[PDB]
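*Asks:* This is the structure I want to talk about, given as C-alpha cells.
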Amino acid sequence: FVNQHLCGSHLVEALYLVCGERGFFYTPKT
Amino acid sequence: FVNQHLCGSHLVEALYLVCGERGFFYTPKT
Amino acid sequence: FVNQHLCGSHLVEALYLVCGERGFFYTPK
Amino acid sequence: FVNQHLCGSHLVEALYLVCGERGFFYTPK
Amino acid sequence: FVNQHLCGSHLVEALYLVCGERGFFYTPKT
Amino acid sequence: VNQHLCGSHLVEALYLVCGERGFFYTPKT
Amino acid sequence: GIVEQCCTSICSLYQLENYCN
Amino acid sequence: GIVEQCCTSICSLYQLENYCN
Amino acid sequence: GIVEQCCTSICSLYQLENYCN
Amino acid sequence: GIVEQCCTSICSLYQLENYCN
Amino acid sequence: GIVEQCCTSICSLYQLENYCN
Amino acid sequence: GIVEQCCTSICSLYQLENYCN
Ligand SMILES: [Cl-]
Ligand SMILES: [Cl-]
Ligand SMILES: [Zn+2]
Ligand SMILES: [Zn+2]
C-alpha cells in the first residue's frame with residue numbers, strides 16, 4: 001500500500017496547484 | 001500572496017499525513 | 001531568510017507538473 | 001503505477017539543489 | 001534501489017512533522 | 001512559521017546530500 | 001476515486017481539475 | 001481559515017486534525 | 001525571469017507554462 | 001529499522017514517532 | 001537521459017550535477 | 001544549530017554535509 005501512499009502525497013500537491021482558490025477534496029476512497 | 005501559497009503547500013502535505021484514510025477538504029477561504 | 005531558494009523549490013515542482021513531457025527550464029537569474 | 005512520474009519529481013528537486021546560478025533544463029527523454 | 005530512495009524522502013518529511021522540536025536521526029541501514 | 005517551512009526543505013536537502021550515511025536533524029540551538 | 005484514476009496512470013492537469021471543489 | 005490559523009503560527013498535529021474529514 | 005515574475009504574486013498555470021521547453 | 005518497517009507497509013504517525021530523538 | 005540513468009539505480013549528486021547548465 | 005546556520009542564508013552542500021551521520 002506504500003506505492004499509493006507515496007503517490008497520494010504528490011496528488012495532493014498537484015491538486016493544491018491546479019485547484020487554486022477553489023481548493024479540493026481529497027478522498028482516497030474508491 | 002506567494003508566502004501563503006508556499007505555506008499552503010506544506011499545510012496540505014501535513015493534512016495528508018495527519019488525516020490518513022479520512023482524507024480532507026482544503027478550502028482556503030475563511 | 002532563504003525565501004527565494006524556497007520559492008524556487010516550489011516553482012520547479014510546479015513546472016514539472018505543468019510542462020509534462022516537454023520538460024522545462026529553470027534559471028534563478 | 002506512475003513510478004516514472006514520481007521519480008522525475010524527485011529528480012527535479014535534486015537538480016534544483018545541486019545545480020547553480022545558470023540553472024538547468026529538465027528534458028526527461 | 002530508487003523505490004526505497006523515494007520512500008525515504010517521504011519518511012524524513014513525515015519525521016520532521018511528527019518529531020517537531022525533538023528532531024531525529026535518520027539511519028537507513030539501522 | 002518561516003523556520004518551520006525552511007526546516008522541511010532542510011531535511012529534504014540533508015536526505016539527498018547524506019544518502020546512505022543518514023543524518024541528524026535537530027532544531028536545538 | 002482519484003487514487004484508482006491517477007495512481008495507476010498519469011492524470012493530466014485537466015483530469016486532476018475534476019477533483020477540485 | 002486554516003491559512004490564518006496555521007500560516008501565522010505553527011499548528012500542532014492535533015490542531016491540524018480539526019481539518020480532517 | 002520566473003523568480004521575479006512568480007515569487008511575490010502567484011503565477012497561474014498559464015503563466016507557469018511560459019517556462020516550458 | 002524504519003526502512004524495513006515503513007517502506008513495505010504504511011506507518012502511521014504514531015509508528016513514525018517511535019523513531020524520533 | 002536522466003530518467004533512464006537515474007530511476008532504477010540511485011544517482012549521486014555528482015552524477016546529477018552533469019545535467020546542470 | 002542548523003536552523004540558525006541555514007535558514008537566514010543558504011547553506012552550501014558542504015555545510016549541509018556537516019549534519020550527515
Ligand atoms: Cl516554503
Ligand atoms: Cl515517490
Ligand atoms: Zn516550501
Ligand atoms: Zn515522492
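By convention in this document, the chains of the C-alpha cells carry letters A, B, ... by their order, each chain's residues are numbered from 1, and ligands are numbered from 1 in the order they are shown.
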Residues of chain G within 12 Å of chain C, counting only C-alpha atoms - could you list those as number ranges by chain?

*Replies:* G: 10-14, 16

*Asks:* Mind fitting chain L onto chain J over all Cα atoms in sequence order and sending the result as a compact mmCIF listing (two decimals) with C-alpha atoms, in the first residue's frame?

*Replies:*
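Listing of out11.txt after writing:
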```txt
# COMPACT_ATOMS: atom_id res chain seq x y z
CA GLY L 1 14.82 -0.75 11.00
CA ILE L 2 12.66 2.02 9.59
CA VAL L 3 13.07 0.99 5.96
CA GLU L 4 11.92 -2.55 6.70
CA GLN L 5 9.14 -1.27 8.98
CA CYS L 6 7.81 1.60 6.84
CA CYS L 7 8.58 1.04 3.15
CA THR L 8 6.62 -2.16 2.59
CA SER L 9 3.47 -0.86 4.22
CA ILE L 10 2.64 2.64 5.43
CA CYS L 11 3.60 3.58 8.95
CA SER L 12 1.18 5.45 11.14
CA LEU L 13 2.12 8.72 12.80
CA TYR L 14 2.58 6.74 16.06
CA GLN L 15 5.01 4.40 14.34
CA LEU L 16 6.93 7.27 12.78
CA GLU L 17 7.12 8.91 16.23
CA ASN L 18 9.23 5.93 17.36
CA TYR L 19 12.19 7.56 15.62
CA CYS L 20 11.95 10.99 17.32
CA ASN L 21 14.82 11.91 19.72
```

*Asks:* With distances taken over only C-alpha atoms and all ligand atoms, which of E:9, E:30, E:17, E:24 is nearest to ligand 4?

*Replies:*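 Distance minimum relative to ligand 4 lands on E:9.
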
*Asks:* Can you work out which residues from chain B touch chain I at a cut-off of 9 Å (counting only C-alpha atoms) and hand them back as a ChimeraX atom specification?

*Replies:* /B:1-3,5

*Asks:* Please give me, as number ranges by chain, the residues lying within 6 Å of ligand 1 when counting only C-alpha atoms and all ligand atoms.

*Replies:* B: 6-7; C: 6; F: 5
